[PDB]
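Below you will find one chain, with nothing else, as structure tokens; this is the form deposited in one PDB entry, and questions on how it binds or moves follow later.
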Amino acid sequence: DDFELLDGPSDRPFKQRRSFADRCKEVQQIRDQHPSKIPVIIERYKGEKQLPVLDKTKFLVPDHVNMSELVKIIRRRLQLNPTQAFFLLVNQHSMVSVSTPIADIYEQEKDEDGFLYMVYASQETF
């Protein structure tokens, strides 16, 4: 008999863990409190098995932060070694070398609930 692999909460997308209604509520509270900050959900890609699971899911980012800069923050938070491939994606595009302010990306790419969703993986495209 083979092992049966069980799935934890992280194995479930944030959108399935908290209802659409509750997510909307959470965004509108935090945007009222910090109008100059962007609410971001960062999760490991569902197919990614080599990079570790992040400790937290919900982040607040000052809106003048460049995307490429946010990518390095997350890379350090995961404590990756220099040779480990790492892509942080918004709407499946790599933000790794994107110099755009996150305020502008938020305008363009935020979800209906008001969060900006990002996913990380070992490649942008296989």
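Note that residue numbering follows the sequence shown and begins at 1. Rigid core (definition): largest C-alpha set, two forms, superposition within 1.5 Å.
The protein also exists as the form deposited in another entry; that form is not presented, and the subsequent description refers to it.
Fix the rigid core, compare C-alpha positions between this form and the one not shown, and report which of 96, 60, 74, 51 shifts by 2 Å or more.
Correct option: 96.
Compare the CA separation of residue 79 and residue 95 in the other form with the one in the displayed structure, and answer closer or farther (the difference is at least 3 Å).
Farther apart, which means the C-alphas of residue 79 and residue 95 are at least 3 Å more distant in the other form.
Since the CA distance of residue 110 and residue 94 differs by 3 Å or more in the other form, is it closer or farther than in the form displayed?
It is closer: the C-alpha separation of residue 110 and residue 94 falls by at least 3 Å in the other form.
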